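Just the one chain here, laid out as structure tokens, in the form deposited in one PDB entry.
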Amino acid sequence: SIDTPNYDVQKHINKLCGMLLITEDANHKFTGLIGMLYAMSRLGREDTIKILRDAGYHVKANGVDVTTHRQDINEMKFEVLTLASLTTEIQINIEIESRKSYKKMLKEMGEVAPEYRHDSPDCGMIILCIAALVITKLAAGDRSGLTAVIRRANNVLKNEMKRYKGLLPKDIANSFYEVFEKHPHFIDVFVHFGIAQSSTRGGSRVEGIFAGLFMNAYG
């Protein structure tokens, strides 16, 4: 069974990416999956299914809905997603860890600027820039291109790394190497996502960085 998020959970996945990005010494074990879930909510449920079926994969679609979970950790209310690939506990521990780093940020700077927040609209796209680097290096059938991925990420995502303490290229890249090796159908989803993304036109810097990195996968 594959999780097929639709456009309605896009804003939620974006905030999930940014929660990981604000976390200092963040456990990026699930970042590859979360990044792939984001691209899927940008494509939508119908396109994702069509992409997978046409590429010869037998896929059992699972609807992604927003659930409210309550747990005593103060009685706290959490907004979570119905994912077969990601438990309610994993999602809630992501929020708990990021709220700790947010509290630390508030103590140091006083008020968090919009571009330093977990709900900045470019958070999901920041994560997907690492995936664009990983995709270029998969052909070698190993992980020898990792040193080059970190080298490029430090240069191309220089401003983004100043904005987020949780933007750790080695960890995020290892997460995408594992997810593309374990679930090769995500490579098809991501390739289809990047071509549809170059059609996007707006004022986002990271949308532009992604469009440039994606075209570098050709030549």
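If you superpose the two forms and keep the largest set of C-alpha atoms that fall within 1.5 Å, you have the rigid core. Quick note: we count residues from 1 along the sequence shown, nothing fancier.
- Across the other entries compared, none leave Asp119 without coordinates where the residues on each side are present, so it is far from a third.
- Compared against other deposited entries of this protein, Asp72 counts as consistently modelled, with coordinates in all of those that resolve the residues around it and thus below the third mark.
- In this crystal structure, the stretch out of 105-113 and 127-135 whose C-alpha atoms carry the higher mean B factor is 105-113.
- For the pair 141-149 and 91-99, the record assigns the higher mean C-alpha temperature factor to 141-149.
- Listed residues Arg70, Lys158, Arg163, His192 were ranked by CA B-factor as deposited; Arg70 comes out on top.
- Per the deposited coordinates, the residue with the largest Cα temperature factor out of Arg53, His185, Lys29, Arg42 is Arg53.
- Compared with the other modelled residues of the chain, the Cα B-factor recorded for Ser199 ranks in the highest third.
- In the PDB entry, a CA B factor belonging to the middle third of its chain's modelled residues is recorded for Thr82.
- The PDB entry assigns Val59 a C-alpha temperature factor belonging to the highest third of its chain's modelled residues.
Another form, the form deposited in another entry, is not on view; read the next lines as being about it.
- Core-based superposition between the shown form and the other one leaves all of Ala84, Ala113, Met109, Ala139 but one with CA shifts under 2 Å; the exception is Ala139.
- In this overlay on the rigid core, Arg201 has a C-alpha that sits 2 Å or more away from its partner position between the shown form and the other one.
- The pair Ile209 and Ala140 is tighter in the other entry: their Cα-Cα distance falls by no less than 3 Å compared with this form.
- In the other entry, the CA atoms of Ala139 and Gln197 come closer by at least 3 angstroms compared with the shown structure.
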